[PDB]
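Have a look at the structure below before the remarks.
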2 protein chains.
Amino acid sequence: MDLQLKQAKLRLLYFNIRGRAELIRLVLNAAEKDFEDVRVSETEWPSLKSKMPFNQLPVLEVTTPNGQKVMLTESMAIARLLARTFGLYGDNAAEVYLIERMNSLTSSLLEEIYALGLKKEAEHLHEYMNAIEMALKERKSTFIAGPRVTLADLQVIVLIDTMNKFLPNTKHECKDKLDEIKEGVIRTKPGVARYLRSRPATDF
Amino acid sequence: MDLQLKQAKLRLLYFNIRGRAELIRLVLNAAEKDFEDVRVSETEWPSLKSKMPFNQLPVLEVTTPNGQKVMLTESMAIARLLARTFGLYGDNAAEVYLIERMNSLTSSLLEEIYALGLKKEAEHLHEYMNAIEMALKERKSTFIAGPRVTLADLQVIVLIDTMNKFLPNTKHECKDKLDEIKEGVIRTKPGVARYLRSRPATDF
């Protein structure tokens, strides 16, 4: 039942984009936990989908220290499990509420931005951006949920990179407040700083 | 920072439907924690939205035992906070992964069902239903995450009621496995059993 994730061998299977696995890559790099970052092309996906017991990516393939292979699914469930394992998910339920309130807003905004890339909404987008900006201005701590980085600050990085690609010229005050969080993650999580500098430059 | 939710006065503001607040109502009734279940019409929403500091429902208005009024937002963040407070969120990160994997599947399926009511997909629906049915058949416990009810078993109830309204004649084997979970929640959580019997019969 306990996968012993600190020691376990970890392989992340996803496409060669940031997308919905970037948050997992950021948690593992923040924790300085090594993993195989396996980037799958859509040319390779049909054959991989046929031999493996899953139908969507990302999957985290865990090999426990005792040799047991377990395939984990559901991107945010994986990210939260890894964050809890490596001390990136707060210390009590009140802090976790702050994490999860912000992640609800930023996850929803991410999915709205993703859906508008090729469909053809600044109002629905503005609503999320105002809520995020408001929470960031009201906080009484350096990071979203307290004095130290948690999963919510890591997902802010995902959100910034998505707004830069999908909404480059959008000029909302929330962008500056998000960038402040990112600056603090880079300062305090040298594994993230190095990863962002070295990761593949991708469009999405 | 700690709202003292066991003792705090709680008012839930949402529309007079099950919708996205039913999970919160189920947690509180499972815990036998009293709350004001305030059901707002769309006739009343414009005026309420103008005087209060929020722009969407549900909101949980908490009055702590020391008299402090705090408005909580984000339906799933509220539900998880309440589940943690009342012992409905497992005991370790491995159990929580089981909760959150299942809630990812059932939340996604719920949102897909909601979006298809008036838009005009059995494939995308079938994918979620097969994954849910598969996890339910593979489990080595009475409930989704272990021997006792958690938030994931409560959201199964939300999913059943939604499939009954939106997909009455759909005949998938996952429906029976979901109904088994619901039967066990009713048996083991007398507060849920009573609530389901007494709650307003609504369309959505």
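Dipole size of chain B about its Cα centre, with +1 on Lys/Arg Cβ and -1 on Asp/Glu Cβ: approximately 540 debye, rounded to the nearest 20.
Put in order of Cβ neighbour count within 10 Å, fewest first, the listed residues A:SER108, B:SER75, B:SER50 become B:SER50, A:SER108, B:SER75.
Placing a label point 7 Å from Cα along the Cα-to-Cβ direction at A:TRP45 gives distances to the equivalent points in the other copies of 3.5 nm, listed shortest first. A helix-only calculation puts chain A at -17500 deg cm²/dmol for mean residue ellipticity at 222 nm, using -39500 (n - 2.57) for each DSSP H run of at least four residues, averaged over all residues.
List the trypsin sites (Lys or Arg not before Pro) within the stretch A:164-204 that DSSP assigns to loop and that have no more than 16 neighbouring Cβ atoms inside 10 Å. Each step should come with its number before you reach the end.
Numbers: sites: A:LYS165, A:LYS171, A:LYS175, A:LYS177, A:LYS182, A:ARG187, A:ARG194, A:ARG197; in loops: A:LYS171.
Passing sites in the stretch A:164-204 are A:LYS171.
Within 10 Å of each Cβ in peptide B:68-79, how many partner chain Cβ atoms are there on average? Round it to a whole number, please.
The mean count of partner-chain Cβ atoms within 10 Å per residue comes to 3.
The stretch A:1-101: which GluC sites (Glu not before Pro) are DSSP loop and have at most 12 other beta-carbon atoms within 10 angstrom?
Numbers: sites: A:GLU22, A:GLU32, A:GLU36, A:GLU42, A:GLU44, A:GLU61, A:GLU74, A:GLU95, A:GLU100; in loops: A:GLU32, A:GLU42, A:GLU44, A:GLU74.
Sparse-neighbourhood loop GluC sites (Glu not before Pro): A:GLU42, A:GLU44.
When only alpha carbons are used to place a centre, the stretch A:111-152 and the stretch B:1-52 end up 24 Å from one another.
Using a 7 Å projection from Cα along Cα-to-Cβ, the label point at A:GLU112 is separated from the same position in the remaining copies by 2.3 nm, smallest value first. With both residues required to sit in the protein assembly as shown, DSSP beta bridges show an antiparallel share near 65%. Distances from A:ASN16 to itself in the other copies, using label points 7 Å out along the Cα-Cβ axis, amount to 5.7 nm in increasing order. Magnitude of the charge dipole for the stretch B:93-188, about its Cα centre and with charges confined to Cβ atoms of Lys, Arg (+1) and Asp, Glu (-1), is about 180 debye.
Near B:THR142: Cβ cut-off under 14 Å, other residues only, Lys/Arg at +1 and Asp/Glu at -1. The net charge is +3.
Label-to-label distance, A:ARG187 versus A:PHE204, with points set 7 angstrom from Cα along the beta-carbon direction: 3.5 nm.
Rounded to the nearest 20, the Cβ-based charge dipole of the protein assembly as shown about its Cα centre (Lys and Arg +1, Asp and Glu -1) stands at 520 debye. Taking label positions 7 Å along the Cα-Cβ direction at both B:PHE54 and B:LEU116, the computed distance is 3.0 nm, reported to one decimal.
Read-outs throughout are calculated quantities, based only on the coordinates presented, and are distinct from any laboratory measurement. Note that we place each Cβ from the backbone using ideal geometry, even for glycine, and neighbour counts take in every protein chain shown.
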